[PDB]
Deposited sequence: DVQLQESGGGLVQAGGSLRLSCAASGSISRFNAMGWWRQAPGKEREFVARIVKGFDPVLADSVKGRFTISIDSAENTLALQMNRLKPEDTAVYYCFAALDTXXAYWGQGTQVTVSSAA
């Protein structure tokens, strides 16, 4: 009834920038909360960002200076802007939507390394 799909992940240099975007079915303004988690294989799932309806964005301490989470209600998409990427940033990133269960995407792979 509501499907999520991440995109925008890939391989970028350290110190680089990247913008992930999460497309949602239906209207995105209907969700009561959305956010971002990441996991690297063997590391536990880590919380990245959260936006609860009507509230300011909350970000994890390991990312606070560099990331931004935003909502584009025009396109029904959820953006996570990543800057100053670090070795700690290699992971698969998942968006969540809340509503009545909650709902998760399949994830997008982000791999951070020192370029050329």
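Enquirer: Can you list the gaps, numbered from 1 on the deposited sequence, where no C-alpha is modelled?
Expert: Residues lacking C-alpha coordinates: just 102-103.
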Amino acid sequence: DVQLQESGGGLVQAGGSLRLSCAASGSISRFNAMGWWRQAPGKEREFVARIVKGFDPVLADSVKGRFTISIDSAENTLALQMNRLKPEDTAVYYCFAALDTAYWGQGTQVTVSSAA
From here on, numbers count along this sequence of modelled residues.
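Enquirer: Give the stretch, out of 56-64 and 29-37, with the larger mean C-alpha temperature factor in the deposited entry.
Expert: The recorded data point to 56-64.
Enquirer: Out of 96-104 and 14-22, which stretch has the higher average CA B-factor listed in the record?
Expert: Higher of the two, by average CA B-factor, is 14-22.
Enquirer: When the deposited Cα B-factors of this chain's modelled residues are ordered and cut into thirds, is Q5 in the lowest, the middle or the highest one?
Expert: Ranked within chain, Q5 CA B lands in the middle tercile.
Enquirer: Would you mind ranking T77 by its C-alpha B-factor against the rest of the chain and naming the third, lowest, middle or highest?
Expert: Lowest third of the chain for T77's C-alpha B-factor.
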